[PDB]
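To be precise, the following lines are structure16.pdb, and they hold PDB, C-alpha atoms.
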```
ATOM      1  CA  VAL A 197     -10.230  -3.949   2.832
ATOM      2  CA  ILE A 198     -10.287  -3.449  -0.942
ATOM      3  CA  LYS A 199     -13.096  -0.880  -0.748
ATOM      4  CA  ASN A 200     -11.656   1.214   2.092
ATOM      5  CA  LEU A 201      -8.109   1.055   0.721
ATOM      6  CA  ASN A 202      -9.487   2.195  -2.644
ATOM      7  CA  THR A 203     -11.216   5.129  -0.934
ATOM      8  CA  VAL A 204      -8.068   6.204   0.928
ATOM      9  CA  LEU A 205      -5.887   5.724  -2.153
ATOM     10  CA  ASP A 206      -8.118   7.785  -4.442
ATOM     11  CA  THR A 207      -8.240  10.521  -1.797
ATOM     12  CA  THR A 208      -4.429  10.509  -1.731
ATOM     13  CA  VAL A 209      -4.195  10.429  -5.547
ATOM     14  CA  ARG A 210      -6.509  13.449  -5.808
ATOM     15  CA  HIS A 211      -3.851  15.435  -3.902
ATOM     16  CA  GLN A 212      -0.883  13.505  -5.341
ATOM     17  CA  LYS A 213       0.955  16.709  -6.292
ATOM     18  CA  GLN A 214       0.611  18.147  -2.781
ATOM     19  CA  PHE A 215       1.349  14.772  -1.168
ATOM     20  CA  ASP A 216       4.558  14.586  -3.215
ATOM     21  CA  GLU A 217       5.641  18.165  -2.475
ATOM     22  CA  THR A 218       4.953  17.978   1.268
ATOM     23  CA  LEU A 219       7.489  15.172   1.797
ATOM     24  CA  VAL A 220      10.306  17.240   0.278
ATOM     25  CA  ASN A 221       9.188  20.407   2.076
ATOM     26  CA  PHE A 222       8.975  18.602   5.426
ATOM     27  CA  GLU A 223      12.405  17.050   4.874
ATOM     28  CA  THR A 224      13.908  20.462   4.084
ATOM     29  CA  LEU A 225      12.276  22.092   7.120
ATOM     30  CA  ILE A 226      13.283  19.309   9.511
ATOM     31  CA  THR A 227      16.862  19.198   8.200
ATOM     32  CA  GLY A 228      17.156  22.972   8.566
ATOM     33  CA  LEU A 229      15.882  22.751  12.136
ATOM     34  CA  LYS A 230      18.167  19.803  12.953
ATOM     35  CA  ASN A 231      21.219  21.723  11.720
ATOM     36  CA  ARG A 232      20.494  24.306  14.468
ATOM     37  CA  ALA A 233      18.798  21.993  17.004
ATOM     38  CA  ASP A 234      21.267  22.673  19.820
ATOM     39  CA  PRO A 235      20.966  26.507  19.654
ATOM     40  CA  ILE A 236      17.189  26.111  19.237
ATOM     41  CA  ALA A 237      16.871  23.871  22.302
ATOM     42  CA  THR A 238      19.169  26.143  24.312
ATOM     43  CA  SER A 239      17.069  29.158  23.312
ATOM     44  CA  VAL A 240      13.783  27.451  24.228
ATOM     45  CA  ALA A 241      15.159  26.465  27.636
ATOM     46  CA  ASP A 242      16.475  30.000  28.199
ATOM     47  CA  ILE A 243      13.079  31.472  27.256
ATOM     48  CA  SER A 244      11.342  29.206  29.766
ATOM     49  CA  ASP A 245      13.898  30.037  32.467
TER
ATOM     50  CA  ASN B 159       0.595 -46.795 -15.160
ATOM     51  CA  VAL B 160       2.185 -43.761 -13.474
ATOM     52  CA  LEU B 161      -0.734 -41.511 -14.434
ATOM     53  CA  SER B 162      -3.183 -44.145 -13.180
ATOM     54  CA  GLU B 163      -1.350 -44.386  -9.845
ATOM     55  CA  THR B 164      -1.166 -40.599  -9.478
ATOM     56  CA  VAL B 165      -4.885 -40.152 -10.155
ATOM     57  CA  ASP B 166      -5.744 -43.006  -7.775
ATOM     58  CA  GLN B 167      -3.632 -41.511  -4.983
ATOM     59  CA  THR B 168      -4.512 -37.822  -5.408
ATOM     60  CA  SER B 169      -8.258 -38.212  -6.063
ATOM     61  CA  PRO B 170      -9.575 -38.215  -2.437
ATOM     62  CA  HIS B 171      -7.739 -34.947  -1.681
ATOM     63  CA  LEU B 172      -8.816 -33.114  -4.849
ATOM     64  CA  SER B 173     -12.400 -32.023  -4.119
ATOM     65  CA  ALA B 174     -11.464 -29.979  -1.040
ATOM     66  CA  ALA B 175      -8.642 -28.275  -2.943
ATOM     67  CA  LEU B 176     -11.000 -27.496  -5.830
ATOM     68  CA  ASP B 177     -13.617 -26.034  -3.480
ATOM     69  CA  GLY B 178     -11.109 -23.907  -1.572
ATOM     70  CA  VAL B 179      -9.364 -22.636  -4.700
ATOM     71  CA  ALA B 180     -12.727 -21.832  -6.301
ATOM     72  CA  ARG B 181     -13.887 -19.871  -3.247
ATOM     73  CA  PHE B 182     -10.652 -17.914  -2.829
ATOM     74  CA  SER B 183     -10.405 -17.222  -6.568
ATOM     75  CA  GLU B 184     -13.999 -15.966  -6.640
ATOM     76  CA  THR B 185     -13.137 -13.706  -3.696
ATOM     77  CA  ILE B 186     -10.977 -11.644  -6.071
ATOM     78  CA  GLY B 187     -12.720 -12.574  -9.343
ATOM     79  CA  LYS B 188     -15.947 -10.752  -8.491
ATOM     80  CA  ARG B 189     -13.955  -7.591  -7.647
ATOM     81  CA  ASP B 190     -11.816  -7.339 -10.791
ATOM     82  CA  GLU B 191     -12.529  -3.666 -11.489
ATOM     83  CA  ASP B 192     -12.001  -2.747  -7.833
ATOM     84  CA  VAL B 193      -8.740  -4.722  -7.714
ATOM     85  CA  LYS B 194      -7.420  -3.066 -10.885
ATOM     86  CA  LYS B 195      -8.382   0.425  -9.685
ATOM     87  CA  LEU B 196      -6.699  -0.356  -6.362
ATOM     88  CA  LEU B 197      -3.547  -1.467  -8.180
ATOM     89  CA  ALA B 198      -3.474   1.714 -10.285
ATOM     90  CA  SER B 199      -3.935   4.054  -7.311
ATOM     91  CA  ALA B 200      -1.397   2.029  -5.319
ATOM     92  CA  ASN B 201       1.020   2.385  -8.236
ATOM     93  CA  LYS B 202       0.639   6.165  -8.117
ATOM     94  CA  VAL B 203       1.039   6.467  -4.337
ATOM     95  CA  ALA B 204       3.865   3.913  -4.104
ATOM     96  CA  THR B 205       5.740   5.644  -6.930
ATOM     97  CA  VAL B 206       5.426   8.912  -5.003
ATOM     98  CA  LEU B 207       6.758   7.206  -1.860
ATOM     99  CA  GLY B 208       9.632   5.446  -3.627
ATOM    100  CA  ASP B 209      10.819   8.535  -5.490
ATOM    101  CA  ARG B 210      11.011  10.416  -2.163
TER
END
```
For this file, write the structure as C-alpha coordinates.
Amino acid sequence: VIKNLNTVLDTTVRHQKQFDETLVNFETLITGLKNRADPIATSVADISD
Amino acid sequence: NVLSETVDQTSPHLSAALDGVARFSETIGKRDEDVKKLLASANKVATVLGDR
(Lines of atoms letter the chains of each structure in order from A and count residues from 1; the text may use other names and numbers.)
(Lines give C-alpha, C1' and ligand atoms only; values in the text may rest on other atoms or scores of the structure.)
Protein backbone atom coordinates (compact mmCIF):
# COMPACT_ATOMS: atom_id res chain seq x y z
CA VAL A 1 0.00 0.00 0.00
CA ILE A 2 2.76 2.44 0.96
CA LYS A 3 4.78 1.69 -2.18
CA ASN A 4 1.91 1.93 -4.68
CA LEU A 5 0.39 4.99 -3.00
CA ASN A 6 3.83 6.62 -3.13
CA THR A 7 4.04 5.85 -6.86
CA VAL A 8 0.59 7.31 -7.59
CA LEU A 9 1.22 10.34 -5.38
CA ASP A 10 4.56 11.20 -6.98
CA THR A 11 2.97 10.84 -10.42
CA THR A 12 0.26 13.28 -9.33
CA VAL A 13 2.80 15.66 -7.75
CA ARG A 14 4.83 15.72 -10.98
CA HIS A 15 1.76 17.26 -12.68
CA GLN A 16 0.57 19.15 -9.58
CA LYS A 17 0.20 22.42 -11.51
CA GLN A 18 -1.95 20.78 -14.20
CA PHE A 19 -3.87 18.72 -11.62
CA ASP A 20 -4.67 21.95 -9.76
CA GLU A 21 -5.69 23.90 -12.87
CA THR A 22 -7.88 21.14 -14.32
CA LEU A 23 -10.24 21.16 -11.31
CA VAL A 24 -10.98 24.87 -11.75
CA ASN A 25 -11.24 24.56 -15.53
CA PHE A 26 -13.60 21.59 -15.27
CA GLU A 27 -15.73 23.43 -12.70
CA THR A 28 -15.96 26.48 -14.97
CA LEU A 29 -16.86 24.37 -18.02
CA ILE A 30 -19.47 22.31 -16.18
CA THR A 31 -21.05 25.37 -14.56
CA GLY A 32 -21.23 27.12 -17.93
CA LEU A 33 -22.90 24.06 -19.45
CA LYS A 34 -25.29 23.68 -16.50
CA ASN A 35 -26.41 27.31 -16.84
CA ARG A 36 -27.66 26.42 -20.36
CA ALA A 37 -28.45 22.72 -19.77
CA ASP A 38 -32.13 22.98 -20.71
CA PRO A 39 -31.52 24.68 -24.11
CA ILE A 40 -28.61 22.27 -24.70
CA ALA A 41 -30.73 19.19 -23.97
CA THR A 42 -33.60 20.56 -26.07
CA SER A 43 -31.20 21.20 -28.95
CA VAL A 44 -29.67 17.71 -28.74
CA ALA A 45 -33.13 16.12 -28.76
CA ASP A 46 -34.19 18.30 -31.70
CA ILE A 47 -31.04 17.33 -33.63
CA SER A 48 -31.77 13.64 -33.08
CA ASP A 49 -35.42 14.10 -34.09
CA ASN B 1 2.04 -2.33 47.61
CA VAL B 2 -0.05 -0.87 44.77
CA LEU B 3 2.85 -1.15 42.31
CA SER B 4 3.47 -4.73 43.44
CA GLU B 5 -0.20 -5.63 42.93
CA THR B 6 -0.31 -3.95 39.51
CA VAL B 7 2.81 -5.77 38.30
CA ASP B 8 1.51 -9.08 39.67
CA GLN B 9 -1.85 -8.66 37.91
CA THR B 10 -0.65 -7.25 34.57
CA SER B 11 2.40 -9.49 34.07
CA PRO B 12 0.75 -12.51 32.33
CA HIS B 13 -0.83 -10.23 29.70
CA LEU B 14 2.31 -8.19 28.97
CA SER B 15 4.38 -10.45 26.70
CA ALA B 16 1.68 -10.71 24.01
CA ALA B 17 1.19 -6.94 24.04
CA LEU B 18 4.95 -6.40 23.76
CA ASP B 19 5.22 -8.82 20.83
CA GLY B 20 2.27 -7.32 18.97
CA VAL B 21 3.36 -3.72 19.53
CA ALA B 22 6.91 -4.59 18.45
CA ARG B 23 5.70 -6.24 15.24
CA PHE B 24 3.28 -3.46 14.30
CA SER B 25 5.82 -0.75 15.17
CA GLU B 26 8.48 -2.47 13.05
CA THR B 27 5.95 -2.60 10.20
CA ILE B 28 6.28 1.19 9.91
CA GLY B 29 9.76 1.56 11.45
CA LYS B 30 11.54 -0.20 8.60
CA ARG B 31 9.78 2.08 6.07
CA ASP B 32 10.54 5.47 7.65
CA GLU B 33 11.81 7.14 4.48
CA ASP B 34 8.91 5.74 2.45
CA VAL B 35 6.40 6.88 5.08
CA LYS B 36 7.85 10.40 5.20
CA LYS B 37 7.93 10.70 1.40
CA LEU B 38 4.33 9.46 1.32
CA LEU B 39 3.34 12.07 3.89
CA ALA B 40 5.02 14.86 1.91
CA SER B 41 3.40 13.89 -1.40
CA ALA B 42 0.06 13.42 0.36
CA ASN B 43 0.47 16.90 1.85
CA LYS B 44 0.93 18.35 -1.63
CA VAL B 45 -2.01 16.51 -3.21
CA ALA B 46 -4.34 17.02 -0.23
CA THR B 47 -3.52 20.74 -0.15
CA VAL B 48 -4.43 20.92 -3.84
CA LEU B 49 -7.72 19.12 -3.14
CA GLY B 50 -8.60 21.22 -0.09
CA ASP B 51 -7.88 24.55 -1.77
CA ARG B 52 -10.24 23.59 -4.62
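For residue 202 of chain A, the set of protein, DNA and RNA residues having any atom at most 8 Å away, when counting all atoms listed in the file and skipping those fewer than 6 positions along the same chain, is residues 192, 195, 196 and 199 of chain B.
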Hits from the ChimeraX specification (/B :<10) & /A, listed as a PyMOL selection string: chain A and resi 198-210+212-213+215-217+219-220+223
How would the residues just chosen look if you wrote them out with C-alpha atoms as a PDB file, in the frame of the given file?
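Result file is part-v5.pdb:
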```pdb
ATOM      1  CA  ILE A 198     -10.287  -3.449  -0.942  1.00  0.00           C
ATOM      2  CA  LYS A 199     -13.096  -0.880  -0.748  1.00  0.00           C
ATOM      3  CA  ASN A 200     -11.656   1.214   2.092  1.00  0.00           C
ATOM      4  CA  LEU A 201      -8.109   1.055   0.721  1.00  0.00           C
ATOM      5  CA  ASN A 202      -9.487   2.195  -2.644  1.00  0.00           C
ATOM      6  CA  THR A 203     -11.216   5.129  -0.934  1.00  0.00           C
ATOM      7  CA  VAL A 204      -8.068   6.204   0.928  1.00  0.00           C
ATOM      8  CA  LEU A 205      -5.887   5.724  -2.153  1.00  0.00           C
ATOM      9  CA  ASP A 206      -8.118   7.785  -4.442  1.00  0.00           C
ATOM     10  CA  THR A 207      -8.240  10.521  -1.797  1.00  0.00           C
ATOM     11  CA  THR A 208      -4.429  10.509  -1.731  1.00  0.00           C
ATOM     12  CA  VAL A 209      -4.195  10.429  -5.547  1.00  0.00           C
ATOM     13  CA  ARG A 210      -6.509  13.449  -5.808  1.00  0.00           C
ATOM     14  CA  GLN A 212      -0.883  13.505  -5.341  1.00  0.00           C
ATOM     15  CA  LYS A 213       0.955  16.709  -6.292  1.00  0.00           C
ATOM     16  CA  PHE A 215       1.349  14.772  -1.168  1.00  0.00           C
ATOM     17  CA  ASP A 216       4.558  14.586  -3.215  1.00  0.00           C
ATOM     18  CA  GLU A 217       5.641  18.165  -2.475  1.00  0.00           C
ATOM     19  CA  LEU A 219       7.489  15.172   1.797  1.00  0.00           C
ATOM     20  CA  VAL A 220      10.306  17.240   0.278  1.00  0.00           C
ATOM     21  CA  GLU A 223      12.405  17.050   4.874  1.00  0.00           C
TER      22      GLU A 223
END
```
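The gap separating atom CA of residue 214 of chain A from atom CA of residue 230 of chain A is 23.6 Å, in Å to one decimal.
If you look at atom CA of residue 239 of chain A and atom CA of residue 224 of chain A, they are 21.3 Å away from each other.
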Point-to-point distance in Å for atom CA of residue 197 of chain A and atom CA of residue 191 of chain B: 14.5 Å
